[PDB]
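>>> Model the structure of this input:
(one chain, ligands or ions: 1)
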Amino acid sequence: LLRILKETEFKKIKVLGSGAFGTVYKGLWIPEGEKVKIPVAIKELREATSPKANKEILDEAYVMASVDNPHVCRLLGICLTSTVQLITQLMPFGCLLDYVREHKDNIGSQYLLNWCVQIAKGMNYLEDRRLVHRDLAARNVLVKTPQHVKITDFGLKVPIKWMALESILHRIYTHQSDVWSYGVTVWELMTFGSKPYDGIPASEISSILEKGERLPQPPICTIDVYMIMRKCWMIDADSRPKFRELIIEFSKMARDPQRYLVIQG
Ligand SMILES: O=C(Cc1ccccc1)Nc1cccc(-c2nc3sccn3c2-c2ccnc(Nc3ccc(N4CCOCC4)cc3)n2)c1
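Numbers count the residues shown, from 1 in each chain. Here you go, the structure:
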């Protein structure tokens with residue numbers, strides 16, 4: 001259920017954006033035997049990170065091409081050349097981070113709280129599949145429509161400001177560390193794409209954490225919301241909430257958004 005592509009079957013057409021893992025293109029799939037060309041999204045990765053062999057790269061692709069959840073972006077094809085190219089269904093909206101920045105203060109409670117639930121449902125799917133994301137951030141949550149988001153790049157500098165303490169201290173990555181990152185993601189959303197710890201150098205993040213300081217309460221959040229975010233940042237991984245609890249809690253809040261998020265509008 002993963003299409004291995006030959007450069008002859010597709011073609012990048014325009015650059016749509018660039019980040020750390022690589023560049024995003026609008027592309028076209030040329031089905032052989034036909035006169036049409038089908039739009040696709042191609043993500044060309046920045047290689048040379050630890051020069052891996054292709055069969056070792058495909059082993060992984062096959063797993064990401066195996067996900068089935070409405071809130072998890074699935075790998076559809078892969079083209080292994082000089083560079084590694086990931087193909088998926090093209091969406092018109094790109095990442096949640098930019099989306100929320102573009103709609104800075106004109107986004108409503110219902111939307112925020114729903115993205116929170118959707119992100120948790122996606123994360124809970126991955127947990128059930130025994131997959132650890134490692135870099136869950138709003139930049140990694142794609143928008144299919146403004147009411148339907150999909151998490152991407154599970155298993156792909158170090159996002160210190162998104163990492164749980166143990167990942168920082170020991171490079172320990174678990175579903176519980178994904179919970180931490182999830183709380184940061186929620187925080188980005190609630191602040192409309194603000195940079196976590198604006199100003200503080202990464203080098204100093206372990207110490208402020210250790211000393212018990214946490215990301216500040218977003219002005220739009222009530223204490224119940226902030227309380228949840230904060231629970232995601234406990235030092236003791238096992239005392240952090242589970243994604244299934246998170247789905248439930250946010251589901252409840254989304255049932256009466258205006259009560260849990262205070263936005264002028
Ligand atoms: O194969 C997989 C699964 C996976 C799971 C586990 C491990 C590895 C891979 N994932 C994947 C594949 C291909 C691209 C990507 C991607 N990575 C990113 S970051 C942002 C957007 N994407 C996409 C993206 C994707 C599709 N379609 C669009 N469409 C689209 C529409 C507007 C824009 N714009 C940018 C400028 O302003 C807004 C308009 C930009 C793009 N994007 C992800």
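
>>> Residue 229 - how many residues pack around it?
By the criterion of other CB atoms under 10 Å, residue 229 has 21 neighbours. For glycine as for every other residue, the C-beta is placed from the backbone atoms N, C-alpha and C.

>>> And it, how far from the ligand?
Plainly put, residue 229 is 24 Å away from the ligand if you go by CB to the nearest ligand atom, to the nearest Å.

>>> Nearest spatial neighbour of that residue, chain-adjacent residues omitted?
Distances taken as CB to CB, 6 or more residues apart in numbering put residue 183 closest to residue 229, at 4.7 Å, once the chain neighbours are dropped.

>>> and if you look at residue 28?
Take residue 28 and drop its neighbours on the chain: the residue closest to it by CB to CB, 6+ apart is residue 37, 4.1 Å away.

>>> wouldn't the residue nearest to residue 229 be in contact with residue 226 here?
No - taking contacts as CB atoms under 8 Å, residue 183 lies outside contact range of residue 226: 10.2 Å.

>>> Neighbour count: these two, which is higher?
Higher neighbour count among residue 183 and residue 226: residue 183, with 23 against 18, using other CB under 10 Å.

>>> so which strand or helix has the more buried one?
Applying DSSP states H and E as the criterion places residue 183 in helix 175-190.

>>> From the chain's centroid, how far away is that helix?
Between the centre of helix 175-190 and the centre of its chain there are 10 Å (CA atoms, centre = their mean, to the nearest Å).

>>> That one close to the ligand?
No - using CB under 6 Å from any ligand atom, helix 175-190 never reaches the ligand; the gap is at least 13.6 Å.

>>> Return the distance of the residue of the chain most remote from its centre relative to residue 9.
For the chain, the largest distance from the centre (CA atoms, centre = their mean) belongs to residue 33, which lies 36.8 Å off. Remark: distance between residue 33 and residue 9 (CB to CB, to the nearest Å) = 11 Å.

>>> what residues are up against the residue nearest to residue 105 when sequence neighbours are not counted?
Spatial nearest neighbour of residue 105, excluding adjacent residues (CB to CB, 6+ apart): residue 192 at 6.6 Å. If a contact means CB atoms under 8 Å, 6 or more residues apart in numbering, then residue 192 has 100, 101, 103, 104, 105, 107 as its contacts.
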